[PDB]
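Here's the structure, in structure tokens; my notes come after.
Structure below.
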């Protein structure tokens, strides 16, 4: 196998999360979110790797060599890194719901689309060949959902209709009499047609005006006003951590990745953004 | 037959890929993608060959002599390689779409231009003579598409109007609504005129600001900031693998080239760039 | 007799080409192309003949004696070859065009200078009214074009202005009203002033860096970095094959040269850098 | 177990009488699904011997024979003249891999012996003479896939793909 | 005259008593010429039945058996379990060629019928465990090539070369 | 159904009486597409008599006969002297190619037994004196060309290309 | 044959006599080559013991001991309290590799049974207190590598790499 | 073709390094240098120009605290945040535009003097945007590399 270990994980936003794209002047917002190729939020694996590596380097100040061997040196790289992060795909975004046709009161709900699922399936198909690992449970869950393309569906309920993010009516169907869903949060997961899902997911992001106040006259500074975009808390991204055969790769996959639960992604880490929970697919599915 | 076997294949990007340009050209991007003679992104077959060979020397550790024969010895060469790689032509790039009057909308579509199709037809016609391999299907389909040269067309689907990559309104003609998929995917193929196609394709590329951060003080290290160009997921390149009669070429064309499905191209693979899938044309037509 | 008949042909690049010359220039490239006297990319006749002879020996192994007679013999080379190739001279190179005008969309264009066309006319005048094959129309076209030397001329177009290779503004002007195209690829030709034309051309060439990676730790080996220079795809060269009267020269021209579209020129063929389509000026 | 049998497609006079059970049940590896044929099997290292057309085992990787994989049996009594074997159905060398493969399969192959009297000089020959194409669509492609003329007025597709795909190396001896 | 026979090289013992003509003539195509084992033969689509080591025809081009060609004839207590084949000697798949060869040939390869009541899953086997390398040198490379242990001084080199040159696929069934 | 009777193109005035049916099939290979003539068949190793002009040949390959290839069935009392033969339509020396051909044709060639008296001496016949080419347009460039004088207004184009391109060989006897 | 014993490097004192001699193996695997130490072994899933410290086998992959591998054998017919094992040397967790090794080794590990009385809770320990690193120089590094002070003048170049190259998990109990 | 642009930068620039002092909107200029360039060709010239003039303080202060550069000396351009440190950049681009005859002074000087002709000044820049973008490229990369090295 090309890779020794292949660890898919879910990234769960504890607080809100902000990984910046860097600003342009065709922008509409001063600090936008890293975007997919098809226009969904994403976490570039450069951000993932840098954040997680910074975390590990001070959380495990004794496995330093194992981290530098799997996640690459910092001072004088005389060798590639055996570890590989894939780009975090948006798996599901929390969405407000006003559920007609249900006495089961949900305030929010998880929303995903078929395109995001296709992307997760591509990740799983590729890393299935390039490694000894297999994810037949996850792969078959994803496949049985994807078989239902063309119609909006719900997984952990029987809503039959809803109003998402205050504007978008949907008419759902039930998946094969309660197909057990990937995540476990007692809240339904809806899989929308990507046309609708695009707008729903756009309405699910958080835009926030911030300002800057002069330090001695309690009035706004000139230019100190801007907007800013977050991905909500309770948002789920799907990534994979791939490693190439080595001694240090085994110590990494067996000692370090078993003590990684909470890490700090993104920026704005003083507004309390970017606390996040990594949940490994192997021990949660 | 100058060539014993002719293996045209597609290169479906699985993640975003980054094959870097070698050039003293001062560009805007610090690390641009490789460009063909029309400024479109391409993969120099130097890079194809190096990567595919480095992969094969590991996937098949027993057949290293067959590989060293078809792709050349490494450190002390006595002979010319028997296999040739053609440069990878861009064939289709994904672009976000907004449609006006559909039945079930799309959110992204495949974009190709007529110049790329002409380069592909050049490859096919050139290789139909240096081999016994007559690709009637590809050639006739691409000829029917090239008949409509100079008019944006949707190959199969019925769109008639679109907004590609959030900026470019385009009118569209059905080819005839009577032509199969060039590749059996679920997304329509837009063959654009070349002037608008250039802009659309440049919009589909992914420029990415990246930084380096002082581990001590979580602030950008001086100098640690650069931009970096990627090609999106689901991008399709086109290339051909060609070999001469060797009896190491019959093996290569029958054992090695039937177990290549996923390879890592380009660089930036520690951050997930490069995973790609090969789709041998003889199969996918 | 003694070069009775001749065959001029176009060398159309199907892939990039790299006919190498060692490190034979003072540029920053380490593996440059074969250069003309004017620093333009050329294909020596030695290379062209050697490649074509090798290809023909492979793909016509029964005609080995005819091919030996026309192009030479390995041993017993005491029998002069009755066929010869001239140096292939750059006739037109594709260039990226950002056009401002004409309402017609173009993204690449063919580009020449007047030095190139001068050498092409030199090759062409030295054949027609001397040999007997008659294709005077091409020579008349090249003379009509050479009339306007000293100003960026567009050919078969309505452009009037363009950015060439993302870096050069040029102001064009049609020739008289209209003229048959010298190439048959339906793309405009531009003949440029010999000074801006060569900047455009030397920006149309592909100059890549290349790397040898340490096979285990996936890094570049020390000093495993160099540069190469490819003539771009769709480039056109021009050469002539001159035949001395003989019988097996007729066999050459009949059985062989009438089934030569594609051959492999130059080197770096595993990169795919040699495929070429030969178009004879006989259609 | 699933029991398939390999028939091959030379222009020669051998395909006429090979098999009895075209399907029997509902089993077939090679399929024809509006994209032409699928899961064509290639057997490298062998060559067709038109004189009693079968696969003569040479040791030439450059030699190969292509053909159809169908569920059946040799004449209900033969395989005293065939080479039979059962593989995990992934060790195969299939062309246009589209559909299903049951992860285990046993194949009967028309087979002959080397019989070292002549040098086994093999020469490539591809399908031409499209009336041979016609009566081979008649011979095997009617009976084995009786969807023939039933899902395609585009017969021409599965007509041209034969000349496109079914190459082989005969012995010409 | 030109009548060779191929002897597989596993890390099991179906090794010595397979032939009794060591040379018969004075030549061997696979000739140890004091600069490596040259003209080794590679057969594709075949694996060794390690129990009673013999080549079994699979249909996997990824399955190959490597061994040497020697001048001889098999043992004359045998010869219904060998593929007596006559080849134009370019059809061979030789590796590490040193000279050119007889330009026509007659080869006897140790055969074994597929045993089609089972699935033929195959595994690659290298050659290590030098306790096999020793009695490889002895049981074949001294008998067939008396030149060894008699003239050579880099017996260690040809040891390393069979260790890094002879690999094969075994049925393991 | 279609078959083409090669009709030589000399400046010599014997093309007057050699054809009865003008159309034959529905396809015409030798084209007049406002850029020149097309697919004019050249005949190597042949010549033409200057008395009773037909393709009485040499065998020397430096001698060639240009001529039109167009469908015809001459007189039903000849073609036993206008040589009947069948071609795979890929062995044809065709200058000014612009299409793909049926890979199958029937060619009838004016040709008879050369002589038994004199040795055949050769000379290349060229064209001049535009009135000759005008007579060429008169003779069969309407008799069988049902296209001339209606759309191809570039009559001078055909004039010049015929008068300058068509060189052939003859005996001058 | 060659044998090495995994002599560890703690900050405590159990490393005076962990050997018989500096003799017995092929050579010292762990080298000291004027850049610092090279080829340090790292035993995972083991913890140094409070007193008479040896390798207690926990099952925690986050526990490790870093030690030097030297050519020798332990304490005159001991090793009822050692782990002895032959290893292909591609299974050795070696940090700071510089050269290459025997590709086969006999390794002695000072080892105890876990003593399942107290909860094996271990603590990460680092080599500090230069009055300990000088002790480790004199008592073991000087002896086993007299190359110290008989090759160089810079022993501080390894007094630092002792700080940065040997951390370990002690049982703390 | 472009070999005096490197000479033009010295007496066009004239100061965007030293008298841009306080290192905030002095060093920030490099963001102009890199980003705008990638902005000017990925997104176009006119979007970047609209952005630049947005940050302009075009009253007379950021209309003469720059047209004074045509004539006299180094202009310490403190002012405020990058609006005078931004109108020097408008000056840079227009200086290239005047010294290379893409637009003349008699129009430019007249275009920035009525607020009736600013609009068609920009409307004319819009038509010259392809040519302008092509031509300034090296002249801009010049000061971008100047910034990398010196600024």
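Chains as they are written, first to last, in the entry's author numbering: chain E, 2 to 286; chain F, 2 to 286; chain G, 2 to 284; chain M, 2 to 174; chain m, 2 to 174; chain n, 2 to 174; chain l, 2 to 174; chain B, 2 to 152.
Ideal placement from N, C-alpha and C gives every residue a C-beta, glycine not left out.
Below 8 Å on the Cβ atoms is my guess for residue i versus residue j; work out the distance and round it to an integer in Å.
i, j, result
"residue 165 of chain E", "residue 97 of chain E", "7 Å"
"residue 147 of chain F", "residue 115 of chain F", "7 Å"
"residue 113 of chain l", "residue 55 of chain l", "5 Å"
"residue 192 of chain E", "residue 252 of chain E", "Wrong, their Cβ atoms sit about 39 Å apart, outside the cutoff."
"residue 7 of chain G", "residue 134 of chain G", "7 Å"
Can you list the residues of chain F that residue i reaches, using a CB-CB cut of under 9 Å?
i, result
"residue 94 of chain M", "255, 256, 259"
Measuring only from the beta carbon, is residue i closer than 7 Å to any heavy atom that is part of the ligand ADP?
i, result
"residue 92 of chain n", "As presented, the structure is devoid of all ligands, the ligand ADP included, so that no description of it is given."
If we cut at 8 Å on Cβ distances, does residue i have a partner in chain G?
i, result
"residue 186 of chain F", "no"
"residue 48 of chain B", "no"
"residue 89 of chain B", "no"
For residue i, decide whether its Cβ has a neighbour in chain E, counting only Cβ atoms nearer than 8 Å.
i, result
"residue 45 of chain l", "yes"
"residue 52 of chain B", "yes"
"residue 29 of chain F", "no"
Output, in chain order, the set of chain m residues within a Cβ distance shorter than 7 Å of residue i.
i, result
"residue 63 of chain F", "125, 168"
Can you list the residues of chain F that residue i reaches, using a CB-CB cut of under 7 Å?
i, result
"residue 263 of chain G", "127, 130, 131"
Taking the DSSP output, what are the residues bridged to residue i?
i, result
"residue 4 of chain M", "M/107"
"residue 192 of chain F", "F/113, F/154"
"residue 86 of chain n", "n/108"
"residue 32 of chain l", "l/39"
"residue 45 of chain l", "l/65"
"residue 75 of chain l", "l/21"
"residue 15 of chain m", "Answer by DSSP bridge pairing: none, since residue 15 of chain m is not bridged."
"residue 280 of chain F", "F/11"
Using beta carbons (cut-off 8 Å, strictly below), is residue i in contact with chain F?
i, result
"residue 38 of chain B", "yes"
"residue 216 of chain G", "yes"
"residue 113 of chain B", "no"
"residue 98 of chain M", "yes"
"residue 43 of chain B", "yes"
Give the interface partners of residue i over in chain E, defined as CB-CB distance under 8 Å, in chain order.
i, result
"residue 219 of chain G", "80, 81"
For residue i, return the contacting residues in chain E, with the cut-off set at a CB-CB distance below 9 Å.
i, result
"residue 189 of chain F", "None at all; the shortest Cβ gap to chain E is about 14 Å."
For a cutoff of 8 Å on Cβ pairs, would you count residue i as touching chain B?
i, result
"residue 47 of chain E", "no"
Which residues in chain B have a C-beta closer than 7 Å to the C-beta of residue i? List them in chain order.
i, result
"residue 285 of chain E", "Those within 7 Å of residue 285 of chain E in chain B number zero; the least Cβ separation is about 41 Å."
Run through chain M and tell me which residues come within less than 7 Å of residue i, C-beta to C-beta.
i, result
"residue 72 of chain m", "Per Cβ cutoff of 7 Å: no residues; residue 72 of chain m is ~15 Å from chain M at best."
Next on the checklist: Tell me whether the stretch 92 to 110 of chain F and the stretch 39 to 52 of chain E touch, counting them as touching only if at least three CB pairs, one residue from each stretch, are closer than 8 Å.
Outcome noted: With a cut-off of 8 Å, the stretch 39 to 52 of chain E and the stretch 92 to 110 of chain F count as touching, because enough Cβ pairs lie within range.
Next on the checklist: With three or more beta-carbon pairs closer than 8 Å as the criterion, would you say the stretch 65 to 77 of chain m touches the stretch 29 to 42 of chain m?
Outcome noted: Yes, since at least three Cβ pairs between the stretch 65 to 77 of chain m and the stretch 29 to 42 of chain m fall closer than 8 Å, the two stretches touch.
Item to check | Three-pair Cβ contact test at 8 Å for the stretch 32 to 40 of chain n versus the stretch 107 to 122 of chain n | outcome: Fewer than three Cβ pairs drawn from the stretch 32 to 40 of chain n and the stretch 107 to 122 of chain n lie within less than 8 Å of each other, which leaves the two stretches out of contact.
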